[PDB]
Amino acid sequence: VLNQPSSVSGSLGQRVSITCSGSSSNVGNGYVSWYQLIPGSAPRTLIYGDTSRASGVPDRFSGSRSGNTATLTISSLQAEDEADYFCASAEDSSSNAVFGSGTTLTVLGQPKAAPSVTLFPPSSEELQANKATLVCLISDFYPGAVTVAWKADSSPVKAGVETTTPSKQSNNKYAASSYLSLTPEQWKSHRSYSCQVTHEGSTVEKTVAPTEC
Amino acid sequence: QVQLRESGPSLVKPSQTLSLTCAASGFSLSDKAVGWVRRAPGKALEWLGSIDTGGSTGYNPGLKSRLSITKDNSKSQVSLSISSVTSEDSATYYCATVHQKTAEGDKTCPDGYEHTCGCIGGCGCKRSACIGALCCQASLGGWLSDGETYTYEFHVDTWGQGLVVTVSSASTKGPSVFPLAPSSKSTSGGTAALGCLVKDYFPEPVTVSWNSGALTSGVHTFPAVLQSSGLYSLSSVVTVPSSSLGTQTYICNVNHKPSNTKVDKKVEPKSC
């Protein structure tokens, strides 16, 4: 495995560099490639032959090499550049490729975006299947870190809660979802249930009630 | 355009053989080499192997004993088999066109070194600071560039979309699809969010479209949660005019290929 830093950070509009260290039998052979893996999207070839930009790669991505350490340099950093970056190089065979350990890029200076919360009650169909799921959908927020708490009436609920780790949407904002699984009896017996979404010190609470149909 | 499509089971039992297939389009398998690459959750890209235009295969040496790549130019397919898999083999699997070339004659000297022919024995590379005809000796950090300087070029050209594969002893489960109808208080003025709940399926992945793909704007399909039960759930919502919640047809198209399940769930408006 080629050695890369675990993570790097650069501010918006500025420039960051990611190194790729190996031996004279891989990186030294002078044909290093670079790949961009954005969460959810297919990998993208950035650089090949140390410095040649692949088809469609903007000029902002620059590759270089000195000896057994290659470097990817990203300039005019944009939020869309956050991704896992991997280098690669053949080793003793054109059909024996070695990848780097990967580097996570954090673009700094991105402004706060507050979450929008949509809470759905259990459908009538699910209740007839003798199940009940409350669905709390959380969209359009940055940074990708939320805490989700659930309330039955006004009492906290910890059992039956399943919450995703936030992941990045297409618009550079994050999405997350939280699910509360109940029996139809529990759902019907309470006056309401609440999803409380806390993001950057502020909490959005949405509430649903079995009485509403 | 060059396109690659992976197919095969998204679920394999431990110790079984995982077999995938890559469908080519936009080129001939007799013109480009095709290779396989996988990324396990959280880990780094890992090379698997490739088969060049001549049907000759190269593999990851640590995995070679368990790998096997075949090709049929006629059907325009590339296959991959991995034997005796375990949880370690759960990953997204890509096929891709790859560049592979062995080059010779690279007598260029690295940075900090200088090409010279005034060495004992002819031409080579010396440290730029070294002075004398012995600077191409190992004792002085140089070398003679005599004969065979084979350099190997590799890079992935066009990446496939990637097939999710889970290796587990847990059994498949098709999803329960439930409508997510907005009520009279959950709207958002001139628009409203309606959706579908895709509950308790195993393994990944699931896809959702709306109205057979004719409705794309305002569609937001959320990533799945992995529940303590080992089952997955995800939701997909679309934002539409509130005026049309009860006059326009809205249907989510759920596809869970691992269980061979498709559901078209028509979402009706709630009364209150």
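The values are calculated or read from the model by the stated rules, or taken from the named source; these are not laboratory values. Cβ coordinates were reconstructed from backbone atoms using ideal geometry, including for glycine residues, and neighbour counts include every protein chain displayed.
In the list B:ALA133, B:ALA103, which residue meets the criterion of being among the hydrophobic types (A, V, I, L, M, F, W, C) and outside any loop (DSSP other than H, G, I, E, B)?
B:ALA103
If you scan segment A:98-135, which residues turn out to be within 12 Å of B:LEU180 (Cβ to Cβ) and either assigned by TED's automatic domain parsing to the domain that holds A:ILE18 or assigned to a strand (DSSP E or B) (or both)?
A:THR118, A:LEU119, A:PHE120, A:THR133, A:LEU134, A:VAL135
Restricting attention to segment B:244-272, report how many residues are among the hydroxyl-bearing types (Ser, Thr, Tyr), in contact (Cβ under 8 Å) with a residue 12 or more places away in the chain and not in a strand (DSSP E or B).
Number of matching residues: 3.
Working only within segment B:115-130, note down all residues that are in a loop (DSSP other than H, G, I, E, B), at negative phi and not hydroxyl-bearing (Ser, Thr, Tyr).
B:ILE120, B:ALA129, B:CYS130
All but one of (1) within 13 Å of chain A (Cβ to nearest Cβ); (2) in contact with an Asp or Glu (Cβ under 7 Å, 6 or more places away or on another chain) hold for B:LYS173; state the number of the condition that does not hold.
Answer for B:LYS173: the failing condition is (1).
Would you list the strands (runs of 3 or more DSSP E) that sit entirely within segment A:1-80 and hold 3 or more residues that are more than 8 Å from chain B (Cβ to nearest Cβ)?
Those strands (runs of 3 or more DSSP E) span A:7-11, A:16-21, A:61-66, A:69-74.
Go through segment B:141-153 and count every residue that is surrounded by fewer than 22 Cβ atoms within 10 Å (Cβ to Cβ) and within 12 Å of chain A (Cβ to nearest Cβ).
Result for segment B:141-153: 5.
Every residue, every condition in (1) within 13 Å of B:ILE82 (Cβ to Cβ); (2) in contact with a helix residue (DSSP H, G or I) (Cβ under 8 Å, 6 or more places away or on another chain); (3) loosely packed, with under 15 Cβ neighbours inside 10 Å, yes or no:
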{"site": "B:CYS22", "(1), (2), (3)": "no, no, no"}
{"site": "B:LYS32", "(1), (2), (3)": "no, no, no"}
{"site": "B:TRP36", "(1), (2), (3)": "yes, no, no"}
{"site": "B:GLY42", "(1), (2), (3)": "no, no, yes"}
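Going through B:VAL156, B:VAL198 one at a time, which residue ends up being more than 7 Å from every other protein chain (Cβ to nearest Cβ), hydrophobic (A, V, I, L, M, F, W, C), in contact (Cβ under 8 Å) with a residue 40 or more places away in the chain and closer than 30 Å to B:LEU18 by Cβ?
Unique residue meeting the criteria: B:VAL198.
Kindly indicate whether any position in segment B:202-213 is at positive phi, at the interface with another protein chain (Cβ under 9 Å from one of its Cβ atoms) and touching a residue at least 40 places away in the same chain (Cβ under 8 Å).
Scanning segment B:202-213, I find no residue that is at positive phi, at the interface with another protein chain (Cβ under 9 Å from one of its Cβ atoms) and touching a residue at least 40 places away in the same chain (Cβ under 8 Å), so the answer is no.
What pairs come up if the first residue lies in segment A:169-189 and is in the same structural domain as A:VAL204 (by TED's automatic domain parsing), the second is surrounded by fewer than 13 Cβ atoms within 10 Å (Cβ to Cβ) and assigned to a loop (DSSP other than H, G, I, E, B), and their beta carbons are under 7 Å apart, counting only those six or more places apart or on different chains?
A:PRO184/A:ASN130
(1) hydroxyl-bearing (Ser, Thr, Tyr); (2) at the interface with chain A (Cβ under 7 Å from one of its Cβ atoms); (3) in a strand (DSSP E or B); (4) surrounded by 17 or more Cβ atoms within 10 Å (Cβ to Cβ): which one isn't true of B:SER183, the others all being true?
Unmet condition: (3).
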